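Novice: Just dropping this structure here.
6 protein chains.
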Amino acid sequence: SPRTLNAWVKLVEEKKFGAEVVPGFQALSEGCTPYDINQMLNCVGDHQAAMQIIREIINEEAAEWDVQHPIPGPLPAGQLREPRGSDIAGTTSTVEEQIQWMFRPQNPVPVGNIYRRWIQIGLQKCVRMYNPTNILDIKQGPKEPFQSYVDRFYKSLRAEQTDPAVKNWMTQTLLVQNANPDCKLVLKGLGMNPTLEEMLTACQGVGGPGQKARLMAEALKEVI
Amino acid sequence: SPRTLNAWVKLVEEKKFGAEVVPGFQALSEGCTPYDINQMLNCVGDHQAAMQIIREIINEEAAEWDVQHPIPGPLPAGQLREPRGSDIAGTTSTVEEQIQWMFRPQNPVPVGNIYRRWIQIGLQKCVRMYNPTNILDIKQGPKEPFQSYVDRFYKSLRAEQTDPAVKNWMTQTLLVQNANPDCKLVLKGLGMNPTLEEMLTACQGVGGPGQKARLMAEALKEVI
Amino acid sequence: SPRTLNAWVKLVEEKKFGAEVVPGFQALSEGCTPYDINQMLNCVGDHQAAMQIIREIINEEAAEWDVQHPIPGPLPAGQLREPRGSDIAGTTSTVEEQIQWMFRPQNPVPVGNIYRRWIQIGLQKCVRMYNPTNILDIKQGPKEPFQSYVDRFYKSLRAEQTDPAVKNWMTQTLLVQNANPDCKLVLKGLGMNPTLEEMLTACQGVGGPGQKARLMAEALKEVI
Amino acid sequence: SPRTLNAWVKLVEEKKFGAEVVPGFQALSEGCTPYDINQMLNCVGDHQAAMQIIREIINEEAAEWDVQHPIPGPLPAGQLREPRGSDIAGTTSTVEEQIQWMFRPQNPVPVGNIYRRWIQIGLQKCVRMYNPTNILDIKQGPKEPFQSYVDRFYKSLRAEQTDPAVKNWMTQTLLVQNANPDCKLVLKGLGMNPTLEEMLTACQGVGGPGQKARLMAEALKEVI
Amino acid sequence: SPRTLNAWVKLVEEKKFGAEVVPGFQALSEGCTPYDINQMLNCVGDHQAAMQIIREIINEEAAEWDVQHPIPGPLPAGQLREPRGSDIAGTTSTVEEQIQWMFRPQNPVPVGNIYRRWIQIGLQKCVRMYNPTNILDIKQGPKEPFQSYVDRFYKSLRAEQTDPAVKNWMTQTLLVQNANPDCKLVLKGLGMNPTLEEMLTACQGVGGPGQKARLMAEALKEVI
Amino acid sequence: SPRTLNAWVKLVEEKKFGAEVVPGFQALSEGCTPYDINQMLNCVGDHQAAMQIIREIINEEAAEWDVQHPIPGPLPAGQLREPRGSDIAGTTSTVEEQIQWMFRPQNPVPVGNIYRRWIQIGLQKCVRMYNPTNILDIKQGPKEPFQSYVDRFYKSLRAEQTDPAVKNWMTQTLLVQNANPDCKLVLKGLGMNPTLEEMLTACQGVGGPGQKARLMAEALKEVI
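Protein chains in written order, with full-length UniProt numbering: chain A, 150 to 373; chain B, 150 to 373; chain C, 150 to 373; chain D, 150 to 373; chain E, 150 to 373; chain F, 150 to 373.
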């Protein structure tokens, strides 16, 4: 049902690929044809790193399944083929073929559960590699230009945007919170409720020759 | 088996609806008829908020299932009806009907797994809404009468009572720990091992006109 | 019904084998086959001392029953055997045999009530021997190493764990409350909200040669 | 597949029997014959406490299953026996018997899922009893000889050894970190990069009569 | 057997491709079909450098084998083909073909031992090229930004993570141990138990214009 | 050949179960019947810990082999039985049975190589658990009586005795080298070439009341 798919969606974004996602997937995918698992994969393919990890893990699972169950001789025409690894993945197998494999009296192959195990291993790998977050990890570098830091912070917040009013406060506070001190001082030197254009045009001298000369001059001033 | 039901019971109360309860339910409910899932629901219905959440989620799941599989024509008499949403819930379906649906050669409907998914979504919602605890969150308000705070703390501790000796120490320490300072000073003004009646009759003036006059008088005393 | 079994469970752990457990068992076990009494025993077998007491009492009851009703001659084949003591215990007798003994017109033997009396005597003995509790009785010895005391207190609290937040406060307060004074002084010498690793590494000198020398030196200091 | 077994292996050692292991086992064991569950048990039997817990829990599960489904009459020869509790455990049942029970048209018994529930309860008990760790919990006692503490720390680190270079640093730092102060002072009295033989021969006087006399003498020195 | 595969796994990670791995592989691979050797390769393919080395060595071995034993004429249909280099590798040959080659009376070709020699040469090359380790070799560069050094140290420790408590101590000590002095001084300037966010925001000025001016100013201060 | 057995003997004692012993065993055991492997085991059974480890590992290997290849029906009389796990171990199988299994045209079972893998896993476990040595690790404890330390050092040196003249020097030097300082001072207080009886009768007061009084008296002497 689409409501279960929405529940898995909110699990995927609300919970950033924690240890609970593997048992959650095993719970949601019970009694699901590989077609339905593909529809589930459609929504979770948004995360590019997780998407490529699950793609490669499914590819290797399918390759080894084909190695274990190859075709040394063509099947007689008019009969359903044995499920290949890609058939388990659901790409080369239609929903009717999968349901026939489920319901065939002669040695049914639970390809749905096999694909569930494949995606379970993929989600395991994703969890083992997935970093905690990125919005709080956006930290300006001492050599990094401030404009690039602002741009990447904006991209990070837009990737998980919350509310137009909330993101204004995000840009108001977290941008200066993660800013390096040389930019931070000119950021705090103006005052309350900064706006993007004026703060950009005011901070666009940090590290430049004028500010280099100013900082060395003042440093010599307390030296002398 | 009743021992598995007891294991799920201790999971329910020992673990206050954490992220593990959803995979735990999916694990325990495997190979279980909706009748057995109803018996499991009987013990977990104690938590009123979780009970109503799972009730409403099961109701909406059953309603949408009936929408997907309605009855536009009466079934011929003497044959088992198609499983309705309430039949999946097990309320309108007996255990024999569910086991026949499990074991019928002609297109069995895994209603047990469908009800498992329903209760899984319900437990997901419960976890997403469930607050951490209440015994440590019982905190007296500045305007809240102390007797009402004591009564609600007693109810909170009785809801999860531990040991007659332990709860005596609970009332001895946590009651004054969470007490507001005006009541806290009269609570600490007596001494070791307070008892309920005397502490109640001693604290039953906090905020009253006598204590108002006393506090304003002493405040003026250090003012003057 | 499993709900009555859960009620007896909460009676068993909430009430630490008080005088009420014997009449409670007699009340719950009314109209119950020895099979159901065995299922009840399954949950109450958690308490090891009570488990062994009821095991030995049931063994001696069954032995004396076999003495009173032995088999000096084999029964003709195809007929239900007379209920042995183990048959009353339900280990060697199936539920169908017990229900046949209940419902046989020719001199039914109420083996269910006999096993109820057996477990009643066992619970009587358990109550007569059972100590009040253990969590408050965990008291450090003057010679006992503090690490062993902490370990056994942790085991005692884990045996009847209440809440992750509550047990933090348990370790915060009761550990120093039951600590012997030489360890207690170094425990209180740091301050608010101790954590396990630092308190362990700070208290891991009590009774050691350094603290022996320190205490004798200071004692001589007030002596001199 | 052996790769799934390796994934469960890394789950078992990397995650020290957390709350996730129960849903993880339920996920991996789906669609697995009790033979495969026995092969999984082969790798997880390394943990002795967990091994004995799962052994006893499986034994009691099998005993109660045999009580529920005993054999009051021998089966006719040439036919597959009904699955006993040990048959569910897979010890007395071959893989062909289990797959026949899975695929028999006449009332198949999902013994695989029953054994999964058994091992799930066992893992639940293991998690409920399993202590956090041991490498950081190796703490010298005030009376414990330093050589025994070193030996047990070496055994603890060897049980979960990481890297030959890392364990050198482990012995360099954690040994003195968890050492009691009387041994700690002689440990720190030499300097940088200690080696095992010299530190052992230098610390092999702590608590001895010479160090007793030295400490009491110095204590009297600041007393006088 | 999967237990031997697990033994080889623990050999692979516990022993970082030492001189013992070649004889160990020769010992484990005795009496093993190339199919089993492929399953062994599945677990050891985790090490990317070793994986590519063994891939290229197997490819060149197979190419030279095909050169020595080419096919200048198609085999008659219905008969098993002569084992190619890829057939020895097991990719293009099924387990039944390999076992037939093992058991064929007419000049059996020990392709299993040939593939064992191939992987033996690959492991030899891996050992000859494999660096000792990386966790202790993570050393900050004088120009390297501290955040990148922290990130790569975190990746290195996560690649061989040991315990959640142990890695906290790893980040606490080894990060400052391998830190360059300019970052090291601000790292040590705060005190005990640093946490990641505050240490990152405090060290995010090292090498920046403010710290440049500060260091040159103080240097001139002792110069003057 | 017995000379190869002697070579493996000198490998076993000269090399204290290093990483080389596993490939060495795999090298020596090639082309060896389980009978010959049993004769090899006869000499290596001297090491009690290694002996019990290999015994238990062989027992579990044989048990799992019997699980994989059980006997659900008696073999016709006059024919060689299929090799059981104990038959692979060689205890229940004679040399003629093993050589027939080697040389039987119909599906020979390489039981020799299987037992080689079993003992290889056992030697792996032994190496992973085996401590470096014991003769240099014999270190007196601060509370350990000196006579017991001498006795255990004598047992350790006798377990690996070298030469009558060498062991005299061992007792002359290493006994005082590993001795705790309180015993060490009386050991060095006599002079050159001590003999066992006089050193024993001279050191048999360390820790006793006379030496306690002497050490405290002298300590007070430098205190006063």
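Ideal Cβ placement from N, Cα and C applies to all residues, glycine included.
1. Looking at chain D, is there any beta carbon in it that lies within less than 8 angstroms of the beta carbon of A314 of chain E?
2. Out of C:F295, C:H196, C:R152, state which residue places its alpha-carbon closest to the alpha-carbon of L324 of chain C.
3. Determine whether the Cβ of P358 of chain D lies closer than 8 angstroms to any Cβ atom of chain F.
4. Apply the 10 Å Cβ neighbour rule to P259 of chain C and answer buried if 16 or more other Cβ atoms are within range, or exposed otherwise.
5. Listing by chain order, which chain F residues have their CB less than 7 angstroms from the CB of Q249 of chain E?
6. Which residues of chain E have a Cβ atom closer than 9 angstroms to the Cβ of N280 of chain F, listed in chain order?
7. Kindly say whether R253 of chain B, judged by its beta-carbon, lies nearer than 8 angstroms to any beta-carbon of chain A.
8. In angstroms with no decimal places, state the Cα-to-Cα distance between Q310 of chain D and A238 of chain E.
9. Which residues, in order along the region 324-341 of chain C, keep a beta-carbon less than 8 angstroms from a beta-carbon of chain B?
10. Using CA atoms only, rank isn't needed, just tell me which of A:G338, A:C332, A:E346, A:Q353 is closest to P358 of chain E.
11. Looking at C-alpha atoms only, which residue of E:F302, E:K292, E:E293 is the closest neighbour of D286 of chain E?
12. What do you get for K361 of chain C, buried or exposed, if any count of 16 or more other CB atoms within 10 angstroms of its CB means buried?
13. Would you mind stating whether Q269 of chain E and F174 of chain E have Cβ atoms separated by less than 8 angstroms?
14. If I measure Cβ to Cβ from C181 of chain F and keep anything under 8 angstroms in the same chain, skipping five residues before and after, which residues do I get?
15. From this set, B:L306, B:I203, B:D195, which residue's C-alpha is nearest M278 of chain B's C-alpha?
16. Counting along the chain, where does the alpha helix (DSSP H) carrying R266 of chain C start and finish?
17. Can you pull the chain D neighbours of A176 of chain B, defined as C-beta to C-beta under 7 angstroms?
18. So the alpha helix (DSSP H) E213 of chain D belongs to, where does it begin and stop?
19. Could you spell out where the alpha helix (DSSP H) holding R307 of chain A opens and where it closes?
20. Go ahead and label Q228 of chain B buried or exposed: buried means 16 or more other beta carbons lie within 10 angstroms of its beta carbon, across all protein chains shown.
21. I need the straight-line Cα distance from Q321 of chain B to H196 of chain A, nearest angstrom please.
22. Rounded to the nearest angstrom, how far is the Cβ of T241 of chain E from that of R233 of chain E, given a contact under 8 angstroms?
23. If distances are taken between C-alpha atoms only, which option among A:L160, A:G271, A:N256, A:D312 comes closest to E210 of chain A?
24. Using 8 angstroms for Cβ pairs, my map puts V158 of chain C next to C192 of chain C. What's the rounded Cβ distance?
25. Residues of chain D with CB under 8 angstroms from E179 of chain B, in chain order?
26. Quick check on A212 of chain B - is its C-beta less than 8 angstroms from some C-beta in chain A?
27. Would a C-beta distance cut-off of 8 angstroms place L336 of chain C and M319 of chain C closer than the cut-off?
28. Rounded to a whole number of angstroms, what is the C-alpha to C-alpha distance between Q255 of chain C and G222 of chain D?
29. In chain D, which residues lie with their C-beta within 7 angstroms of the C-beta of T182 of chain B?
30. In three-state DSSP terms, what is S178 of chain F?
31. Suppose you measure from the CA of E346 of chain A to the CA of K304 of chain E; what does that come to, to the nearest Å?
32. Contact defined as beta carbons within less than 8 angstroms: I believe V276 of chain F pairs with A168 of chain F. What is the distance between those atoms, to the nearest angstrom?
33. Beta-carbon separation of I207 of chain C and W250 of chain C under 8 angstroms?
34. At 8 angstroms on the CB atoms, spell out the chain D contacts of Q321 of chain A, in chain order.
35. At a Cβ cut of 8 angstroms, what residues of the region 342-371 of chain F count as close to chain D, listed as they run along the chain?
36. Could you give the residue range of the alpha helix (DSSP H) that holds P358 of chain B?
Specialist: Once the coordinates are examined:
1. yes
2. C:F295
3. yes
4. exposed
5. In chain order: nothing, as chain F lies at least about 12 angstroms away.
6. In chain order: nothing, as chain E lies at least about 17 angstroms away.
7. no
8. 34 angstroms
9. none
10. A:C332
11. E:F302
12. buried
13. yes
14. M189, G261, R265
15. B:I203
16. 260-278
17. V171, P172, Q175, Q269
18. 197-217
19. 295-308
20. exposed
21. 53 angstroms
22. 7 angstroms
23. A:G271
24. 5 angstroms
25. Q175, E179, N262, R265, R266
26. no
27. no
28. 25 angstroms
29. By Cβ distance, chain D contributes nothing, its closest Cβ being about 12 angstroms from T182 of chain B, past 7 angstroms.
30. In this structure, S178 of chain F counts as coil in the three-state DSSP scheme.
31. 37 angstroms
32. Contact between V276 of chain F and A168 of chain F is confirmed by a C-beta separation of about 6 angstroms, below the 8 angstroms threshold.
33. no
34. Chain D residues near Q321 of chain A: none, gap ~39 angstroms exceeds 8 angstroms.
35. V355, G356, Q360, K361, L364, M365, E367, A368, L369, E371
36. Here the alpha helix (DSSP H) through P358 of chain B covers 358-372.
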